[PDB]
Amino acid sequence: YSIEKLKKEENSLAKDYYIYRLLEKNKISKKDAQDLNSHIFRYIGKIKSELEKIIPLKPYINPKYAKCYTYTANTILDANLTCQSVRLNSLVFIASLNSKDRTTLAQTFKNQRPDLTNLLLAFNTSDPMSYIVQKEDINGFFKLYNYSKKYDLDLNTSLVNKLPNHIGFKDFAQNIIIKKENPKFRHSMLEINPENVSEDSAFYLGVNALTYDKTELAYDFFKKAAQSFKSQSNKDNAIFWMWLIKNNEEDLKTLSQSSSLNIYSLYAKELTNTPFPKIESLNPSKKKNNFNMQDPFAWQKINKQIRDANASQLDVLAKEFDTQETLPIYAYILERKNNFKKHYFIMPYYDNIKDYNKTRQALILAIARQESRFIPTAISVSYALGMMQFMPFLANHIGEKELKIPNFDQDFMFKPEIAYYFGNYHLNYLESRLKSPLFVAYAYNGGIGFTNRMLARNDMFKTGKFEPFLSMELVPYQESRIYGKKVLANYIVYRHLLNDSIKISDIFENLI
């Protein structure tokens, strides 16, 4: 597709993907590139660095404060007060000033903007964080953390209990807990009253408490998370921790009876001799319809309609797509139609994998369900492609260099036969080194590099009281932490559907 045909398609990730393929082959001239960032759905990462090689944009500076950005540290005292106050939004700018100019500006702004006064006078010390913490300036605390992570200080009970009322708290808490940074911040957060936190923050404060072996504080935080979390899946994770810590059998009972299918509810069912949850059976009689499952533009179109449809229009779409050929779209519609209530675990293009052993089948299907929901022309924001969501680098390495497929193009990843085949090949590579399907999942999502480095650590997937569950909470990238949990449930389920059951307790033992 040329830049002309693309310009006449709707903005979407597919169209971005194709513009990016033109850019990477140097087929976009400086003239084609004029009208172009209005043809881009998500102007972020490599498509934007590539377009800026051709047309390097300088904007944006808001036209009303333009004059404020003509001053420097050496001339800021010549600027009007509006200009002074705008420039002082930057802690780097404040750090650049000399110390008597910070004193001067601190007085100027003491009545009207004490927040600026506090930062100005804090940067006149050798420890700005210490100064801000003594004022209990909460906005300033978060501005300093974002300026530099290296500041670390003990925080008293009054101060830590104010932090959660600021929007930055949740990312701050998660980030220092899972990265194991800022030990003094971490230790201080033991004294946060569970009444003051909720949802993920509460959860991560329970994980924090466990790392300091404060099991009673942890329980209290996990209990608060269970009460406040919106998603049943997250509640279950919290209820599991409550159970593991204090061993109340009503917690486990509640968890065994969850409507969410996840590793926590699966495990609780297995410990209480509860039957495996009901998996829906989608068996459309109709063979095909008009829809091209190989057209990435048709998928982008129909996805947006599906996601924006009322309860009425979902019924019309469910009927249209109730066919074997469009089975992944049918299931996608039924997941939205039933408000995420029933359990769909389809096995499309099954002929391409029925000859692998059943364990491999289940891992392939588990990965695919998480990666794409089996959509053949799925495209991620980093332009990973097809059912098994291969980055183009890897797809080209396997297809051209290893399998020297005649006339391989990366868009072959949109073919089910190719996706499953390449997925099997890549999963052999990963499983041969990592063994556990959980670790394979982590490596499939985040690379074997990061997986091998996490597994090399002294404190990860070793023996302990609360292992391997604690380690699964401390996987250092949020996306991978979540991916692995999801893929593991899927794997358990697909092993069951294929009459190759395994106990999830065995999976957990093999993690240590």
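Each residue number is its position in the shown sequence, starting from 1. Whichever C-alpha set is largest while still superposing within 1.5 Å between the two forms counts as the rigid core.
- Here the rigid core sets the fit, and in 9 other deposited structures of this protein the C-alphas of 54-62 stray farther than those of the other stretch, out of 54-62 and 459-467.
- Just going by the entry, 100-108 versus 282-290 on mean CA temperature factor gives the higher value to 282-290.
- The PDB entry records a higher mean C-alpha B factor for 291-299 than for its counterpart among 189-197 and 291-299.
- Within the listed group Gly484, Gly446, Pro468, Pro56, the record reports its top CA B-factor for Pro56.
- Of the residues listed, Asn237, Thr215, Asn156, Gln305, the entry assigns the biggest Cα temperature factor to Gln305.
- The deposited CA B-factor of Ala441 belongs to the lowest third of values across its chain.
- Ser501: CA B factor in the middle third of modelled residues in this chain (values from the PDB entry).
- Sorting the modelled residues of the chain by their CA temperature factor places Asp115 in the middle third.
- In the PDB entry, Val160 places in the lowest third of its chain by CA B-factor.
- Ranked by Cα temperature factor within the chain, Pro348 sits in the middle third according to the deposited record.
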